[PDB]
Amino acid sequence: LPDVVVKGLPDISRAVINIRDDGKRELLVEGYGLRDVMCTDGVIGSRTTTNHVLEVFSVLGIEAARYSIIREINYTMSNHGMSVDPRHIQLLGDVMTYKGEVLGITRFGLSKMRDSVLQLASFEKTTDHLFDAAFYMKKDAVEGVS
Amino acid sequence: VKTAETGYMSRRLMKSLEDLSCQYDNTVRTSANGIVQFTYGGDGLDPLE
Amino acid sequence: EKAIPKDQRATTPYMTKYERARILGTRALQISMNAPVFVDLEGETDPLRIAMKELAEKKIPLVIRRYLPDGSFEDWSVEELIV
Amino acid sequence: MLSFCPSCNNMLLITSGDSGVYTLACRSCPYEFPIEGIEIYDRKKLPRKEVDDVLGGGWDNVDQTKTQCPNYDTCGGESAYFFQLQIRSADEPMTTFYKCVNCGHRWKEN
Amino acid sequence: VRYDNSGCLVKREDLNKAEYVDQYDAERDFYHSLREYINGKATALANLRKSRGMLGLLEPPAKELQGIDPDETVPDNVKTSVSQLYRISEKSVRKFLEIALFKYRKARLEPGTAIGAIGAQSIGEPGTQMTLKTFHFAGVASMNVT
Amino acid sequence: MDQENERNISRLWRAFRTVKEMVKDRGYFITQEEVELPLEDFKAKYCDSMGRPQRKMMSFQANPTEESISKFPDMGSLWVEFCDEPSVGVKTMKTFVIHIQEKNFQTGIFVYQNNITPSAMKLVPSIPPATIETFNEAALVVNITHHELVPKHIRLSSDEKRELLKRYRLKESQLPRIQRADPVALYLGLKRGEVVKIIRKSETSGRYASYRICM
Ligand SMILES: [Mg+2]
Ligand SMILES: [Zn+2]
Ligand SMILES: [Zn+2]
C-alpha cells in the first residue's frame, strides 16, 4: 500500500527545479515521458525538449529526431572542449534519420538498406549474415568502399 | 577501458558513413545513389576551408 | 548514357584536388610507359615531376569525364579546368 | 501484525473460523486468541518527505585559476574552473580541463 | 533567381515567405553580409565626416548641384583630417570584395570528397580523448547525467 | 470533484484548438475567430448548464479554401468528430463510416478520449473513396507543429513533386523518407508518395530546405 501513485505521472523518478543563472526557475525531470510533461499544465509545450532521441522521434517527428540528435551530440562534445565543425554532426544526424526513422550505428541498425553482405560480414556477425544471404538468394551489387 | 571502448565507436561511425561522398551535383549520396543531404550542411561549404 | 553538350554545363569549372591527383597519376603512368612529353624537361627524369611540369604549363592531353549521379556526363579538358 | 504464540513462539496468523471469527490461531500449536470486541491494530510511521529547494548552483566552491578563455573576444574572462586528470600514459604530463567563468566554454590545455 | 516550388518567378512580395527557401540561400546571406560589412565601414566614415561638420554622404546626393563636390566649402583642414583617420580607396573595396568572393568560392565542398569518412573521423577522433567516466568539477553538486 | 471537471474542460479546449489549427494549415476555411477561442467562450458554447463537456456539438464542417483547392484539385470536405465513450466499440465507428459515406466526405477525423479497440484497425481501412485519420484527445493537446524542434513541413502538390524530381533528376527511391504514422506526417495528412518540403534552420548555415517522401 504505501508505495502507490496518487499524484503525478508514474514515469518520473524525480523532478528538480533549476535556475539558469537568472530569475527563471525551470524544472527538468528525470523521467521517460515527454508528451505528458509537454501537455502538463503550466509547462510551455512549444519549448520543452528531452535528451532522449527516441522519445523525441515518437512524439515530435523524424525531423525533430535529427535536430535532437545534432543538439545532443554537439552539446556532448561541447562539454569536453571538442571543437568539431557542426557540418559533421549535421551529416551524422542526416545519415541516421534519412530513412524516416532513427536508425542506429549498432549491428541491427546497419541492416537498414545497405544489403551489402560483404560489408555487413566485415562489420560483425559474419556467419549468420552470410548464410541468410545465401538462403534468401540475395543479389547485392558491389558499390560500397568496403 | 576507454581505448578499446572508443576504438569500436570510431570504426562503427565509419562503417555507417563509409560510402557517403559529395556528388558533382552538390549532393551527399550513399553508394546506392540515395540522397542523404541535398547540400552538405545546408551550405555546400567545406569545414576544412 | 547521354553527354551534356558543352555549351551549358552545371559542374564546377575549377579542378578538384582529386581530379588533379588523378590526372597527375595518369600522366605520370603514361610517361613511365614511354609516352612522349610536351614539356621541356631541363634534365628531369621523374615521370611524376614531368607530369607536374606539364600541368603547370597546362599541356596535359587528358579530359575529365564527370558523371552526374543521374548517369549523364560532361567532359572537361585539363586545359579548361582552372586551378 | 508480527505477533507470536506464548506456547510455541511461532508467528501468529488470522484465520476465519465458524461464524467468521478472526481468531489469532497459532499454527503448529493448539493456541486460539479469539476477538471479542477487541481491536488488533498495527501502526507504523511513514516519512513526511518534505519539499526540496532549488538546485541552483554551487560554483563558488570550485577551484578557479587565472586563464583567459579561447573566446576572449566575446567574453573577457580571466578566470576558468579547472580540474587535472592524467588521461595519458604515465610518461606524458597531466591534463587540465578548463571552463570559462564568463561564458562556460570548456577546453583542455593538457 | 529563387524560382517557385513549381518553377515560376516569385512576386517580390513572397521573396522571403519561407516556403520558397531553396539552395543559393546561403550564398544570398553571404552576399548580404558582405554588403552589411561594407555598409558598416561606409557608415563609420560618414559618421566621422558628419562629426567634423562636413556632410556625411551615406546616401547618394540628388539635386541640381549634385555634380559638384560637396567638400569645397571645407577649408582644406578637416578634409585632410578625415583622409588621415579613414581613407577608403576604390581599389581597397574591390580588392576586399575579390578576396571575399574568391574565399567563398574556394570554401565550397569539392565533388568526390569522402565527406562521410571525414565526418566519421571528425566525430570519432575527439571521442577517443574523453573519459567514459564522467568527471565533474568538485563542488557543482548537479545531477549525474552521463 | 470540481478540479477534475475544470482540468477536463481546459484540456479538451486545448485539444480542440490544436485540431482547428491542424485542419487550418492542412488548407481549409478556418480563421482565428474560431481558432483563438476564449476558453470561457468555448465553455459557454460547448459546455452546458451543470458543466459537463459534451463532445457531439463540436463536430464541424471544414471546407477547402480557394488557394488550397487551386493547388490541390482533389480535396473534399473534412469531418472532425469527437468520441464520448472511453473505449470505442464496433457500433460507433460503424455509424461514423456510415456518416462519411452518406454525406460523401473525402476524409474524416476521429478523436476519441482514452483508447481504441484492437478490432477497430480491421474495420477502419475499409473505405474506397475516403480515408480515416485516427487521433487521441490526449495526443494532440499541444500541436507539435508549434514546437521549436519541429521545422516547417510544407506539403507539395504533384506538380511540385514532379518538378523537384526533375530539378535534381531523381527517382522517388532516392529521396529521404518520412514514415507513415510519423507525428508530423499524421498532422498534415501525408499519404504514400507525398513529397513534403522541410524548411529547416541551422545556426552555422542559415535557413535551407530539405525534402522527404512519405512511405
Ligand atoms: Mg610517451
Ligand atoms: Zn504457538
Ligand atoms: Zn569565456
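If you look chain B up in the PDB entry, it shows as DNA-directed RNA polymerase III subunit RPC1 from Saccharomyces cerevisiae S288C.

Going by the annotation in the PDB entry, the name recorded for chain A is DNA-directed RNA polymerase III subunit RPC1, with Saccharomyces cerevisiae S288C given as the source organism.

This part covers the coordination of the magnesium ion (ligand 1). Summarising the metal site, the magnesium ion (ligand 1) is bound by the protein donors D:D91 (OD), D:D91 (OD) and D:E92 (OE), whose distances to it range over 2.2 to 2.8 Å. Overall, D:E92 belongs to the partly exposed group, its relative accessible area being 32%.

Looking now at the pattern of salt bridges. Where charged atoms from two side chains of opposite charge approach closely, those side chains can pair. According to the stated counting rule, one finds 37 salt bridges over all chains in the structure shown. With a closest N to O distance of 2.7 Å, C:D75 and C:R65 form a salt bridge. Highlighted residues: C:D75 in strand β2 (residues 73-77) and C:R65 in strand β1 (residues 63-67), separated in sequence by 10 residues. Residue classification places C:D75 among the partly exposed positions, given a relative accessible area of 29%. Across the pair F:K71 and F:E160 runs a salt bridge, and its minimum N-O distance is 4.0 Å. Remark: F:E160 occurs in helix α6 (residues 158-167) and F:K71 occurs in helix α4 (residues 66-71); sequence separation between them is 89 residues.

The textbook angles at a metal center are 109.5 degrees for a tetrahedron of four donors and 90 or 180 degrees for an octahedron of six. Residue and element names in this part refer to chain D. Taken together, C69 (SG), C75 (SG), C100 (SG) and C103 (SG) make up the full set of protein donors to the zinc ion (ligand 3), lying 2.2 to 2.3 Å away. Of note is the zinc ion (ligand 3), whose four donor atoms meet at the metal with angles of 86 to 132° in an arrangement that counts as tetrahedral. For the zinc ion (ligand 3), the single-chain donor residues occur in sequence as C-x5-C-x24-C-x2-C.

In this section: the packing of helix α3 (residues 62-78) of chain A against helix α4 (residues 86-97) of chain A. All names here are of chain A. Where α3 meets α4, the axes come as close as 9 Å, and the angle between the chain directions of the two elements is 140°. It follows from the interaxial angle that α3 and α4 lie oblique. Taken as a pair, α3 and α4 cross one another with a handedness that is right-handed. On α4, the residues touching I62, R66, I69, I70, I73, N74 and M77 of α3 are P86, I89, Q90, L92, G93, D94, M96 and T97. Classifying every residue of the contact of α3 with α4 by side-chain character gives nine nonpolar, four polar and two charged.

Turning next to the sheet that holds strand β4 (residues 107-112) of chain F. All names here are of chain F. Strand order across the open sheet formed by four strands is β1-β2-β4-β6, with mixed pairing between neighbours. Whereas interior strands pair on both sides, the edge strands pair on one side only; in this sheet they are β1 (61-62) and β6 (131-136). Bridge count between β1 and strand β2 (residues 78-82): two bridges; the pairing is antiparallel. Bridging across to β2, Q61 finds its partner in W79. Taken strand by strand, helix α1 (residues 2-25) contacts β1, β2 and β6, and its axis lies near 170° from that of β2. Against the sheet, helix α5 (residues 90-103) engages β2, β4 and β6, with an angle of about 155° to β4.

What follows covers the interface of chain B and chain F. Contact with chain B, which involves 10 residues of that partner, is made by 10 residues of chain F. Taken over both partners, the interface formed by chain B and chain F buries close to 830 Å², and the fraction arising from carbon and sulfur atoms is 57%. Taken together, the links from chain B to chain F amount to zero salt bridges. For the interface between chain B and chain F, the tally reads three residue pairs in polar contact. Among the residues forming the side of chain B that touches chain F, the class breakdown is three nonpolar, five polar and two charged.

The next subject is the environment of F:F60. Residues and elements named next belong to chain F. Locating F60 in the fold gives a position in the loop between α3 (39-46) and β1. With a relative accessible area of 12%, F60 lands in the buried category. The spacing of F60 and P129 is 69 residues in sequence and 21 Å in space, taken between C-alpha atoms. In this view, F60 contacts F16, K20, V23, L78, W79 and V80; residues no more than four positions away in its chain are not counted.

Okay, unusual backbone geometry next. A positive phi is found at A:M137, a non-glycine position, where the angle reads about 60°. Among the secondary structure elements, A:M137 is positioned in the segment after α7 (126-136). Residue A:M137 is classed as exposed on the basis of its relative accessible area of 66%. You will see that E:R12, though not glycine, has its phi angle at about 75°, which is positive. Within the secondary structure, E:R12 sits in the segment before α1 (25-51). Among the residues examined, E:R12 registers a relative accessible area of 70% and is labelled exposed.

Our focus in this paragraph is the environment of A:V5. Residues and elements named next belong to chain A. For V5, the location among the structural elements is in the segment before β1 (12-19). Of the residues examined, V5 reaches a relative accessible area of 52% and is grouped as exposed. Separated by 16 residues in the primary sequence, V5 and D21 have C-alpha atoms spaced 33 Å apart.

In this section: the arrangement of the chains. Most contacts, among the 12 pairs of chains that meet, fall between chains A and F. Taking C-alpha atoms as the reference, chain D and chain F come no closer than 17 Å and do not contact one another.

Residue and element names in this part refer to chain D. Here the structure, examined in full by the defined rule, presents 22 aromatic pairs over all chains. Seen from their ring centres, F83 and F97 are 4.9 Å apart, and the 10° between their planes marks the pair as stacked. Taken together, the residues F83 in strand β4 (residues 80-85) and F97 in strand β5 (residues 95-100) connect sequence positions 14 residues apart. Residue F83 is classed as buried on the basis of its relative accessible area of 12%.

A separate point is the nonpolar core. Of all hydrophobic cores here, the largest spans 78 residues; its most connected members are A:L60, A:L91, A:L92, A:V95, A:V102, F:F16 and F:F42. Looking at which domains feed residues into this core, each of domain 1 (2-142) and domain 2 (143-215) of chain F gives three or more. Aside from chain neighbours lying at most four places away, what touches A:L91 is B:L17, B:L20, B:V28, B:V36, B:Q37, B:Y40, E:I115 and E:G116.

On the surface, D:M1, D:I14, D:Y22 and D:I40 cluster together into a nonpolar patch covering about 400 Å² of accessible area. The topology assignment puts D:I14 in the segment before β1 (15-16).

Residues and elements named next belong to chain B. An order of β1-β2-β3 is seen for the three strands of this open sheet, with the pairing classed as antiparallel. Each edge of the open sheet carries a strand with a single partner, namely β1 (21-22) and β3 (35-37). One ladder, built from two bridges, connects β1 with strand β2 (residues 28-29); its direction is antiparallel. Looking at β2, one finds that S21 is bridged to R29.

Attention now moves to the interface of chain F and chain A. For an interface, size is often stated in terms of accessible area lost upon the parts coming together. Facing the 31 residues of chain F at the interface are 32 residues of chain A. The contact between chain F and chain A buries some 2400 Å² in all, and 52% of this surface belongs to carbon and sulfur atoms. Of all residues in chain F, F:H147, F:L149 and F:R212 bury the most surface against chain A, accounting for 26% of the area lost on that side. Linking chain F with chain A are three salt bridges, by the criterion used here. With a closest N to O distance of 3.2 Å, F:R200 and A:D94 form a salt bridge. At the junction of chain F with chain A, the criterion picks out 16 residue pairs in polar contact. At the level of elements, α1, β8 (177-178), α7 (183-188), β9 (195-202) and β10 (206-214) of chain F are the ones that each hand at least two residues to the side of chain F that touches chain A. If you tally residues by element for the side of chain F that touches chain A, the top one is β9(F), at four residues.

What counts, and at which threshold
Each chain carries its own residue count, running from 1 in the order of its written sequence; this scheme can depart from the entry numbering, and residues that have no coordinates do not appear. To label them, take the chains in the order written and letter them from A, then take the ligands in the order written and number them from 1. Taken from a larger assembly, the chains shown here are the sole basis for all values reported. Just so you know, side-chain values use all the structure's heavy atoms and leave hydrogens and water out. Any nitrogen, oxygen or sulfur atom within 2.8 Å of a metal ion counts as a donor, with the limit raised to 3.2 Å for Na, K and Ca, and since water is left out, coordination shells can look unfinished. Throughout, exposure labels follow a simple rule: accessible area from a 1.4 Å probe, protein chains only, divided by the maximum for the residue type, with under 20% read as buried, over 50% as exposed, and the rest as partly exposed. What counts as a salt bridge is simple: a side-chain nitrogen of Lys or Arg found within 4 Å of a carboxyl oxygen of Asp or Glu. Here a strand is any run of E in DSSP of at least two residues, a helix any run of H or I of at least four, and the numbering for each starts at the N terminus. Angular criteria define each label, namely tetrahedral for four donors with all angles between 85 and 135 degrees, square planar for four and octahedral for six donors with opposite donors over 155 degrees apart and remaining angles between 65 and 115, and irregular for whatever fails these tests. In this analysis, axes come from line fits to C-alpha atoms, helices being fitted only over the stretch in contact, and the angle between any two N-to-C directions falls in the range 0 to 180 degrees. Roughly parallel means an angle under 35 degrees; roughly antiparallel, over 145; roughly perpendicular, 65 to 115; everything else is oblique. With the far helix as reference, a near helix turned anticlockwise by less than a right angle produces a left-handed crossing, and one turned clockwise produces a right-handed crossing. Contacts are assigned to residue pairs that have any heavy atoms within 4.5 Å of one another. Each residue receives one of three labels: charged for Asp, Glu, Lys and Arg, nonpolar for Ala, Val, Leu, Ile, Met, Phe, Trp, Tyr, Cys and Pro, and polar for the others, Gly being one of them. The criterion for strand pairing is that DSSP finds at least two bridges linking the strands in question. The term buried area denotes the loss of accessible surface (1.4 Å probe radius) that occurs when two parts are joined, taken as the sum for both partners. A 3.5 Å cut-off defines polar contacts: any pair of N or O atoms within that distance qualifies, except that in protein one atom must be a possible hydrogen donor and the other a possible acceptor, and neighbouring residues in sequence count only when both atoms are side-chain atoms. Each aromatic pair joins two rings of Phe, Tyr and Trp (for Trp, the six-membered one) with centres within 6.5 Å, and gets the label stacked for planes under 30 degrees apart, edge-to-face for over 60, and tilted for any other angle. Put simply, a nonpolar core is a bunch of buried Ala, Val, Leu, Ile, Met, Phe, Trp, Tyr and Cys residues held in one set by side-chain atoms that sit within 4.5 Å of each other. Where each domain begins and ends is defined by an automated method or by a domain database. Patch members must show over 30% relative accessible area and no salt bridge, and they are joined within 9 Å when carrying like charges or within 5 Å when they are nonpolar side chains of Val, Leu, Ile, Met, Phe, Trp or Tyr. In this description, accessible areas are obtained by the Shrake-Rupley approach with a 1.4 Å probe, and a residue is regarded as covered only by the protein chains that are shown.

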